[PDB]
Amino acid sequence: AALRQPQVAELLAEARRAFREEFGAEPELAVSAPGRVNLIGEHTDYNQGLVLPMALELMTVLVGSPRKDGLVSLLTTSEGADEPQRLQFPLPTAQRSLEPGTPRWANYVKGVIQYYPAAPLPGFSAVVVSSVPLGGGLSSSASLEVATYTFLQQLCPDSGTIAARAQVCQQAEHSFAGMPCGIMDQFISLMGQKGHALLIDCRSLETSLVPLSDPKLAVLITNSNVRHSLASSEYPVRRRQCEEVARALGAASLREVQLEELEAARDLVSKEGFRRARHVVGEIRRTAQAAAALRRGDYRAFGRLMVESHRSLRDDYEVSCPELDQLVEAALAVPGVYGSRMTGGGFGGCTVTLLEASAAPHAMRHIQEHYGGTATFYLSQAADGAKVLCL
């Protein structure tokens, strides 16, 4: 009774009803974009490294219709959203551009509109709904950026590439939400495919769809239901730190630096700096092994490289928190768990447990009985990325 089911048919239905009530007519378009769990490859994306996320059945839906008057009218229904629930604004122009501000959920939609590369973009009316827990570490902000972007393509098709769309979504996260994120979360929300993880190369931007078929394997996501102060504050600090271990070692990114190099480079950088790399330069060179291991269906090893990812996130990158540590170390003692680790940016949010489906009922008994805080669970199929339904 801690498991939240996806309920995606009723999420779309909720959004259409709220649209008819709010705007006096039936919406003409539905889009969705998923949130994400990163299986392995944490704090690598901005280090031009490798990540292995998948898309969730947890998503953000826009339902809307173009307007003739050049203005945008938004209703959000998400419980967590900061007041007001509605905002309206003219389209940006050469003269006036959109500005971040109040309410914050709107900043994401504004950013994407502001950086949208095709024209002419008409005004629109839209309802925004999401089953992605807001600020819970499964990329609610990326689902809303990419859901926005997918709605704008229907209003005014772009003639570009999946990376250009991810950079636009990423720029809205930088400029309008003041969060200097990598490309992972936008990329997986765009490109996820049911029954697949997505191995992303954040240097080359090559991507591989890795079958996650086997119905033996389950991915249990557990929300800690915490977010520490340190989150919003330490993420850019870590990023900046990485950029100095890279600058010091005459490497254009840590992708280029290998562990044998960092170990014999100790003197050129700081104890906590060098330790940030043992994680990053290390991390890269085990998502690769996790990738090569999921293909072999090996599981143990992804696991080892996984718990090795948490331990490294906890001790070297210092971006876990006692709640995440107690959840990982808790699951990691249940036989049949290959691995568990913090996922996403850390300082709170979710862990990800690679278990055997048979044991799912007992784990959710156990974790809720053996976790100090409030556990929410998702038993997540690997899902589709951005989608359109004409209405």
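Under this definition, the rigid core comprises the largest set of C-alpha atoms superposing within 1.5 Å between the forms. Numbering starts at 1 and runs along the sequence shown.
Practice item. With the rigid core held as the alignment frame, decide whether 78-86 or 270-278 lies farther from the shown form in 7 other deposited structures of this protein, in terms of RMS C-alpha distance. Key: Higher root mean square deviation of C-alphas in 7 other deposited structures of this protein is shown by 270-278.
(request) On a core superposition, give the stretch, 261-269 or 200-208, with the larger average C-alpha separation from this form in 7 other deposited structures of this protein (RMS over structures and residues). (result) It is 261-269 whose C-alphas lie farther from the shown form in 7 other deposited structures of this protein.
* To do: Check the entry's C-alpha temperature factors for 195-203 and 238-246, then say which stretch has the higher mean.
  => In the deposited entry, the stretch with the higher C-alpha B-factor mean is 238-246.
Do the CA atoms of 311-319 or those of 85-93 have the higher mean B-factor in the entry? Per the deposited B-factors, the answer is 311-319.
Per the entry, which of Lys110, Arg278, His174, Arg165 tops the list for Cα B factor? Of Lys110, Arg278, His174, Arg165, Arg278 has the highest C-alpha B-factor.
### Query
Which is it among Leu152, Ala218, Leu209, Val132: the one with the largest CA B-factor in the entry?
Top of the list by C-alpha B-factor: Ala218.
**Prompt:** According to the PDB entry, is the CA B factor of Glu283 in the bottom, middle or top third of its chain, that is, lowest, middle or highest?
**Reply:** Middle third by C-alpha B-factor.
How does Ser65 rank on Cα B-factor within its chain, lowest, middle or highest third?
For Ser65, whose C-alpha B-factor we compare with every modelled residue in the chain, the answer is the lowest third.
| message | Which third, lowest, middle or highest, does the C-alpha temperature factor of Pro27 belong to within its own chain? | response | It falls in the bottom third of the chain.
Going by what the PDB entry lists, where does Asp45 fall on CA B-factor within its chain: lowest, middle or highest third? Bottom third by C-alpha B-factor.
Check your understanding: By the record's CA B-factor, is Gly273 among the lowest, middle or highest third of residues in the chain?
Key -> Its C-alpha B-factor, which the entry lists for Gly273, ranks in the highest third among residues of this chain.
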